[PDB]
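Engineer: Before we start, here is the structure in question, set down as structure tokens.
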Amino acid sequence: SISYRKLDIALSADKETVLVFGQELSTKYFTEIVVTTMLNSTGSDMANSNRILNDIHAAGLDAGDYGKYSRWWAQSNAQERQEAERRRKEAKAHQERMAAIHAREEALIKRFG
Amino acid sequence: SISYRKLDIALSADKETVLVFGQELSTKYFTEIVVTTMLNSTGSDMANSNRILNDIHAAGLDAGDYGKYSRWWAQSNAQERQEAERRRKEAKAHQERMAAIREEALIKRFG
Amino acid sequence: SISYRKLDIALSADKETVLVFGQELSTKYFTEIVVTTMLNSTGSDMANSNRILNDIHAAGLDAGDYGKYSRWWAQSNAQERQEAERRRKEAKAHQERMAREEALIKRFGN
Ligand SMILES: [Mg+2]
């Protein structure tokens, strides 16, 4: 499969959305639809799926939620996984410093009941 | 392929958007790009593609628009398809009760 | 793989977003995530990936950024590539004719 560039993913302070390459998406749409489809489209290209999941982990998302791709990633290159873990800890620290600061529905209700 | 969770899809009253796992998308973008890519990414994993298409059907969308995947799905387990049909009829009733009750700034951006 | 319909893609005047089947997306999200995933999902079905990349090219986007799919496409049917090129030039002429973004900071800090 062809690889993705390093995934530009930021998780929102309330965790409800992500910012992916300048596009804001609901977190659950990204993790349940987008990432699953990216991984499935890699087929058996474990190097590519490992890259994707390292970026998922680095962004603070759950890289273990993707079946065989997750099991491959979890028993994959320890040093690249560790670089992802360093990035993840930096992300969590950013979330902590962001947690140091002090009507969508109605709209959706009118459109979807 | 790895499976999707049960697809959380709601069709808007005017049918122009869908709400998928909390994300609003144009219906045409979802059905022409997103669903097509999900199904293609299953390869020949018919259990997964039948799951996807049962959720598409249950949401009130057209599960017949996806070539070989739709042909497989149409011949698939009748009871699982019927459970999807029950959900589809409930969604249609919800649309009926809702039918009982801009800006197109796109021009400036896209011409 | 199953085919896509002709891709309805318009590039914004500032090039920062695209309008794809009525959905506005950041251009980089569309080209880095969506298109890459569509192409990967075709596997080795070059007829389908060539159709995708002709529509990408026709919209004013870079059809050369997708590895093997781009390499296959660049040597594919010259007349179909040229029809895409005509659409691309018409799109560029369209771009030529003329007359609190964060906001994300409060949400993402960056
Ligand atoms: Mg998408």
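Residue names in the structure tokens use chain letters A, B, ... in the order shown, residue numbers from 1 in each chain, and ligand numbers from 1 in the order shown.
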Residue 11 in chain B: which residues within 8 Å, counting only C-alpha atoms, same-chain residues fewer than 6 positions away excluded, as a PyMOL selection string?
Structural biologist: (chain A and resi 112) or (chain B and resi 17-19+27+59-60)
Engineer: For the selection you just gave me, I'd like the residues written to a file as a PDB file, in the first residue's frame, keeping N, CA, C and O atoms.
Structural biologist:
```
ATOM      1  N   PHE A 112     -32.112  16.262  12.654  1.00  0.00           N
ATOM      2  CA  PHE A 112     -32.155  14.811  12.747  1.00  0.00           C
ATOM      3  C   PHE A 112     -33.183  14.306  13.749  1.00  0.00           C
ATOM      4  O   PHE A 112     -33.310  13.088  13.923  1.00  0.00           O
TER       5      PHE A 112
ATOM      6  N   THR B  17     -27.926  15.859   4.554  1.00  0.00           N
ATOM      7  CA  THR B  17     -26.768  15.470   5.351  1.00  0.00           C
ATOM      8  C   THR B  17     -27.069  14.211   6.150  1.00  0.00           C
ATOM      9  O   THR B  17     -28.225  13.807   6.327  1.00  0.00           O
ATOM     10  N   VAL B  18     -25.990  13.593   6.626  1.00  0.00           N
ATOM     11  CA  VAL B  18     -26.047  12.479   7.553  1.00  0.00           C
ATOM     12  C   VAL B  18     -25.243  12.870   8.783  1.00  0.00           C
ATOM     13  O   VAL B  18     -24.318  13.683   8.712  1.00  0.00           O
ATOM     14  N   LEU B  19     -25.598  12.273   9.908  1.00  0.00           N
ATOM     15  CA  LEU B  19     -24.864  12.399  11.157  1.00  0.00           C
ATOM     16  C   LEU B  19     -24.303  11.019  11.444  1.00  0.00           C
ATOM     17  O   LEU B  19     -25.064  10.075  11.685  1.00  0.00           O
ATOM     18  N   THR B  27     -24.767  14.103   2.514  1.00  0.00           N
ATOM     19  CA  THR B  27     -25.155  12.723   2.254  1.00  0.00           C
ATOM     20  C   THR B  27     -24.408  12.162   1.062  1.00  0.00           C
ATOM     21  O   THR B  27     -23.952  11.013   1.091  1.00  0.00           O
ATOM     22  N   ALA B  59     -30.125   2.613   7.961  1.00  0.00           N
ATOM     23  CA  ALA B  59     -30.181   4.062   8.104  1.00  0.00           C
ATOM     24  C   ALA B  59     -31.078   4.751   7.079  1.00  0.00           C
ATOM     25  O   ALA B  59     -31.251   5.975   7.150  1.00  0.00           O
ATOM     26  N   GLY B  60     -31.646   4.027   6.123  1.00  0.00           N
ATOM     27  CA  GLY B  60     -32.443   4.659   5.090  1.00  0.00           C
ATOM     28  C   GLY B  60     -31.681   5.038   3.847  1.00  0.00           C
ATOM     29  O   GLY B  60     -32.236   5.738   2.994  1.00  0.00           O
TER      30      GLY B  60
END
```
Engineer: Can you list every residue of chain A that has an atom at most 9 Å from ligand 1, with its nearest atom pair and the distance in Å to one decimal, using only C-alpha atoms and all ligand atoms, ordered by chain then number, as JSON lines?
Structural biologist:
```
{"residue": "A:25", "atom": "CA", "partner": "ligand 1", "partner_atom_place_in_ligand_line": "1 (Mg)", "distance": 8.6}
{"residue": "A:29", "atom": "CA", "partner": "ligand 1", "partner_atom_place_in_ligand_line": "1 (Mg)", "distance": 8.4}
{"residue": "A:30", "atom": "CA", "partner": "ligand 1", "partner_atom_place_in_ligand_line": "1 (Mg)", "distance": 7.8}
{"residue": "A:33", "atom": "CA", "partner": "ligand 1", "partner_atom_place_in_ligand_line": "1 (Mg)", "distance": 7.8}
{"residue": "A:34", "atom": "CA", "partner": "ligand 1", "partner_atom_place_in_ligand_line": "1 (Mg)", "distance": 6.0}
```
Engineer: Give me, as a VMD selection string, the contact residues of chain C against chain B at a cut-off of 12 Å, counting only C-alpha atoms.
Structural biologist: chain C and resid 1 to 25 30 33 to 45 48 52 59 91 93 to 99
Engineer: With the cut-off set at 6 Å and counting only C-alpha atoms, tabulate each residue of chain B with an atom at most that distance from an atom of chain A, showing the nearest atom pair and its distance in Å to one decimal, ordered by chain and increasing number, as CSV.
Structural biologist:
```
residue,atom,partner,partner_atom,distance
B:1,CA,A:40,CA,5.7
B:12,CA,A:112,CA,4.8
B:13,CA,A:111,CA,5.6
B:21,CA,A:29,CA,4.9
B:22,CA,A:26,CA,5.9
B:23,CA,A:26,CA,5.3
B:38,CA,A:37,CA,5.6
B:41,CA,A:41,CA,4.7
```
Engineer: Since we have the selection now, will you write its residues out, keeping N, CA, C and O atoms, as a JSON list (two decimals), in the first residue's frame?
Structural biologist:
```json
[["chain", "number", "residue", "atom", "x", "y", "z"],
["B", 1, "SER", "N", -10.41, -8.24, 6.85],
["B", 1, "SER", "CA", -10.48, -6.85, 7.28],
["B", 1, "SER", "C", -10.97, -6.76, 8.71],
["B", 1, "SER", "O", -11.54, -7.71, 9.24],
["B", 12, "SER", "N", -30.70, 13.30, 7.73],
["B", 12, "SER", "CA", -31.37, 14.56, 8.04],
["B", 12, "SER", "C", -32.78, 14.57, 7.46],
["B", 12, "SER", "O", -33.12, 13.82, 6.54],
["B", 13, "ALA", "N", -33.62, 15.46, 8.01],
["B", 13, "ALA", "CA", -35.00, 15.56, 7.56],
["B", 13, "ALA", "C", -35.08, 15.95, 6.09],
["B", 13, "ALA", "O", -35.90, 15.40, 5.34],
["B", 21, "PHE", "N", -21.55, 9.03, 13.72],
["B", 21, "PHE", "CA", -20.68, 9.08, 14.91],
["B", 21, "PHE", "C", -20.39, 10.51, 15.34],
["B", 21, "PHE", "O", -19.25, 10.88, 15.64],
["B", 22, "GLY", "N", -21.43, 11.35, 15.35],
["B", 22, "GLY", "CA", -21.31, 12.72, 15.80],
["B", 22, "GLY", "C", -20.79, 13.70, 14.76],
["B", 22, "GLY", "O", -20.67, 14.90, 15.07],
["B", 23, "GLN", "N", -20.47, 13.24, 13.55],
["B", 23, "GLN", "CA", -19.94, 14.07, 12.48],
["B", 23, "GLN", "C", -21.01, 14.28, 11.43],
["B", 23, "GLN", "O", -21.54, 13.31, 10.89],
["B", 38, "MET", "N", -14.97, 2.39, 2.41],
["B", 38, "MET", "CA", -15.08, 1.37, 3.46],
["B", 38, "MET", "C", -15.25, -0.01, 2.83],
["B", 38, "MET", "O", -14.54, -0.97, 3.19],
["B", 41, "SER", "N", -12.20, -1.29, 1.06],
["B", 41, "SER", "CA", -11.17, -1.68, 2.02],
["B", 41, "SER", "C", -11.46, -3.04, 2.66],
["B", 41, "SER", "O", -10.54, -3.61, 3.27]]
```
Engineer: With only C-alpha atoms as the counted atoms, please give the residues lying no more than 12 Å from residue 71 in chain C, apart from itself and same-chain residues fewer than 6 positions off, as a VMD selection string.
Structural biologist: (chain A and resid 2) or (chain C and resid 46 49 to 50 53 63 to 65)
Engineer: Near chain C, meaning an atom within 7 Å, which residues of chain A appear when counting only C-alpha atoms? Write them as a PyMOL selection string.
Structural biologist: chain A and resi 1-2+4+10-13+20-23+38+41-42
Engineer: When DSSP is applied to the backbone of this structure, which of chain A are assigned alpha helix (DSSP H)? Write them out as number ranges by chain.
Structural biologist: A: 27-29, 35-41, 46-58, 67-74, 78-98, 104-112
Engineer: Could you jot down the CA of residue 78 in chain B to CA of residue 97 in chain B separation for me, Å, one decimal place?
Structural biologist: 28.4 Å
Engineer: In terms of the shortest atom-to-atom distance over only C-alpha atoms, which of A:49, A:59, A:94, A:88 is closest to residue 74 in chain A?
Structural biologist: A:49
Engineer: So which residues of chain C fall under strand (DSSP E) by DSSP, listed as a ChimeraX atom specification?
Structural biologist: /C:9-11,17-20,23-26
Engineer: Would you put the residues from that selection into a file with N, CA and C atoms, as a PDB file, in the first residue's frame?
Structural biologist:
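File produced: again_6.pdb:
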```pdb
ATOM      1  N   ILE C   9     -15.292  17.641  -7.525  1.00  0.00           N
ATOM      2  CA  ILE C   9     -14.311  18.349  -6.703  1.00  0.00           C
ATOM      3  C   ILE C   9     -14.118  19.760  -7.233  1.00  0.00           C
ATOM      4  N   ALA C  10     -14.250  20.744  -6.349  1.00  0.00           N
ATOM      5  CA  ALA C  10     -13.912  22.129  -6.649  1.00  0.00           C
ATOM      6  C   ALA C  10     -12.907  22.623  -5.622  1.00  0.00           C
ATOM      7  N   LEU C  11     -11.845  23.273  -6.087  1.00  0.00           N
ATOM      8  CA  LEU C  11     -10.837  23.847  -5.205  1.00  0.00           C
ATOM      9  C   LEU C  11     -11.211  25.295  -4.893  1.00  0.00           C
ATOM     10  N   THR C  17      -9.456  24.909   0.950  1.00  0.00           N
ATOM     11  CA  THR C  17     -10.477  23.875   1.074  1.00  0.00           C
ATOM     12  C   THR C  17     -10.897  23.361  -0.298  1.00  0.00           C
ATOM     13  N   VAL C  18     -11.552  22.201  -0.282  1.00  0.00           N
ATOM     14  CA  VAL C  18     -12.190  21.626  -1.454  1.00  0.00           C
ATOM     15  C   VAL C  18     -13.657  21.391  -1.121  1.00  0.00           C
ATOM     16  N   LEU C  19     -14.472  21.373  -2.164  1.00  0.00           N
ATOM     17  CA  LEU C  19     -15.881  21.011  -2.090  1.00  0.00           C
ATOM     18  C   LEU C  19     -16.032  19.727  -2.894  1.00  0.00           C
ATOM     19  N   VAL C  20     -16.340  18.637  -2.193  1.00  0.00           N
ATOM     20  CA  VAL C  20     -16.361  17.283  -2.732  1.00  0.00           C
ATOM     21  C   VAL C  20     -17.762  16.738  -2.481  1.00  0.00           C
ATOM     22  N   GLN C  23     -19.564  18.463   0.227  1.00  0.00           N
ATOM     23  CA  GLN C  23     -18.898  18.505   1.521  1.00  0.00           C
ATOM     24  C   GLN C  23     -17.641  19.350   1.414  1.00  0.00           C
ATOM     25  N   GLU C  24     -17.523  20.361   2.268  1.00  0.00           N
ATOM     26  CA  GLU C  24     -16.299  21.147   2.306  1.00  0.00           C
ATOM     27  C   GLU C  24     -15.304  20.484   3.257  1.00  0.00           C
ATOM     28  N   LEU C  25     -14.068  20.321   2.788  1.00  0.00           N
ATOM     29  CA  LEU C  25     -12.988  19.723   3.567  1.00  0.00           C
ATOM     30  C   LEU C  25     -11.736  20.563   3.399  1.00  0.00           C
ATOM     31  N   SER C  26     -10.865  20.559   4.399  1.00  0.00           N
ATOM     32  CA  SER C  26      -9.566  21.175   4.161  1.00  0.00           C
ATOM     33  C   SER C  26      -8.871  20.424   3.035  1.00  0.00           C
TER      34      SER C  26
END
```
Engineer: Name the residues in contact with residue 99 in chain B at a cut-off of 10 Å, using only C-alpha atoms, excluding same-chain residues fewer than 5 positions from it; report them as a list in words.
Structural biologist: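 After dropping sequence-adjacent residues, the list is residues 13, 14, 93 and 94 of chain B.
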Engineer: Write the residues of the selection above to a file with C-alpha atoms, as a PDB file, in the first residue's frame.
Structural biologist:
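Produced file result13.pdb, reproduced below:
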```
ATOM      1  CA  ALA B  13     -35.001  15.564   7.558  1.00  0.00           C
ATOM      2  CA  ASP B  14     -34.203  17.266   4.238  1.00  0.00           C
ATOM      3  CA  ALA B  93     -41.455   6.379  10.369  1.00  0.00           C
ATOM      4  CA  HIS B  94     -39.210   8.852  12.192  1.00  0.00           C
TER       5      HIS B  94
END
```
Engineer: Which is closer to residue 6 in chain A than all the others in A:53, A:46, A:18, A:35, using only C-alpha atoms?
Structural biologist: A:53
Engineer: Nearest residue to residue 95 in chain A out of A:54, A:60, A:83, A:3, using only C-alpha atoms?
Structural biologist: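 Of the candidates, the smallest distance to residue 95 in chain A is held by A:60.
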Engineer: Report, in Å to a single decimal, how far apart CA of residue 81 in chain B and CA of residue 54 in chain B are.
Structural biologist: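 Distance reported for this atom pair: 6.2 Å.
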